[PDB]
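In what follows, a single structure is set out as structure tokens and then discussed.
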Protein chains: 2
Amino acid sequence: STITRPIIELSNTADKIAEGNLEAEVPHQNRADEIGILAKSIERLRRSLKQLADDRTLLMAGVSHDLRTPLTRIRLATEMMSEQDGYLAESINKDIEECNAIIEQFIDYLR
Amino acid sequence: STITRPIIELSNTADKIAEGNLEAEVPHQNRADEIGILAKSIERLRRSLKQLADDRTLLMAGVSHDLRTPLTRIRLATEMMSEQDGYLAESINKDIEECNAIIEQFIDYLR
């Protein structure tokens, strides 16, 4: 009956990982027999999920940062234009506004 | 020895998923006993990985497509400006080129 338990513990841990508890430590990792190998495989699955999560987060940050540089430069350049070319500057102003709007929506929804 | 086999088969399938085989079918899924419950746990982990993969793909495509619109608009407007503000137009043109470069780099790394 004692051997029955580590099986239940392994299945339970897998559930915790899938539900979004990436920090939940897998049990029976120190075991050397077939059970401990099963524990190791669950750890491998945990690593995959954790990596994919971190990738998405860092992706959002990197894109927004790099975009900030070109956007700022354009707005300043349009500010320096004379009134005679205002109607053309107004167009580029509309574009930069739309771009900032799209980025804002993405960050708000994404937790 | 017969009982030893399914444990190895389960561990092997989990390893296949971790190494990038999201389509690797889990064995002993239809079992109802303790081994069947373990099979169900492995399948749930597979679903998590597959979901995260689909998320990354859709995210990349959506952002790049929408960005194409504001870029094209600024390009046309800057071409209409008079020579008196040519030096200002040149800066905005350089900026939009930079943006296109960033998008190309992302796709090239992950086709």
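Letters A, B, ... mark the chains of the structure tokens in the order given; residue numbers begin at 1 per chain; ligand numbers begin at 1, in order shown.
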Contact residues around residue 4 in chain B with only C-alpha atoms at 12 Å, ignoring same-chain residues under 6 positions, as number ranges by chain: A: 33-35, 38; B: 10-11, 35
Do you have, as a Markdown table, the list of residues of chain B lying at most 8 Å from chain A, each with its nearest atom pair and that distance in Å to one decimal, counting only C-alpha atoms and ordered by chain then number?
```
| residue | atom | partner | partner_atom | distance |
| --- | --- | --- | --- | --- |
| B:4 | CA | A:34 | CA | 7.9 |
| B:7 | CA | A:34 | CA | 6.9 |
| B:8 | CA | A:34 | CA | 7.2 |
| B:10 | CA | A:38 | CA | 7.7 |
| B:11 | CA | A:38 | CA | 5.3 |
| B:14 | CA | A:41 | CA | 5.9 |
| B:15 | CA | A:41 | CA | 6.0 |
| B:17 | CA | A:45 | CA | 7.6 |
| B:18 | CA | A:45 | CA | 5.5 |
| B:34 | CA | A:7 | CA | 7.1 |
| B:37 | CA | A:11 | CA | 6.8 |
| B:38 | CA | A:11 | CA | 5.2 |
| B:41 | CA | A:11 | CA | 5.7 |
| B:42 | CA | A:14 | CA | 7.2 |
| B:44 | CA | A:18 | CA | 6.5 |
| B:45 | CA | A:18 | CA | 5.6 |
| B:48 | CA | A:18 | CA | 6.2 |
| B:49 | CA | A:49 | CA | 6.0 |
| B:52 | CA | A:52 | CA | 6.4 |
| B:53 | CA | A:52 | CA | 7.7 |
| B:56 | CA | A:56 | CA | 6.9 |
| B:67 | CA | A:99 | CA | 7.2 |
| B:70 | CA | A:95 | CA | 5.1 |
| B:71 | CA | A:95 | CA | 7.8 |
| B:73 | CA | A:95 | CA | 7.2 |
| B:74 | CA | A:92 | CA | 5.4 |
| B:77 | CA | A:88 | CA | 5.9 |
| B:78 | CA | A:88 | CA | 7.2 |
| B:80 | CA | A:88 | CA | 7.5 |
| B:81 | CA | A:85 | CA | 6.5 |
| B:82 | CA | A:85 | CA | 7.4 |
| B:85 | CA | A:81 | CA | 6.4 |
| B:88 | CA | A:77 | CA | 5.9 |
| B:89 | CA | A:77 | CA | 8.0 |
| B:91 | CA | A:77 | CA | 7.2 |
| B:92 | CA | A:74 | CA | 5.4 |
| B:95 | CA | A:70 | CA | 5.1 |
| B:96 | CA | A:70 | CA | 7.3 |
| B:98 | CA | A:70 | CA | 7.4 |
| B:99 | CA | A:67 | CA | 7.0 |
```
- request: Quick one: superpose chain B on chain A on all Cα atoms, same order, and give the RMSD.
  value: 0.9 Å
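Across the model, the gap from CA of residue 28 in chain A to CA of residue 1 in chain B is 21.7 Å.
The two atoms in question, CA of residue 6 in chain A and CA of residue 32 in chain A, are spaced 13.2 Å apart.
Computed from the coordinates, the CA of residue 54 in chain A to CA of residue 22 in chain A distance equals 11.1 Å.
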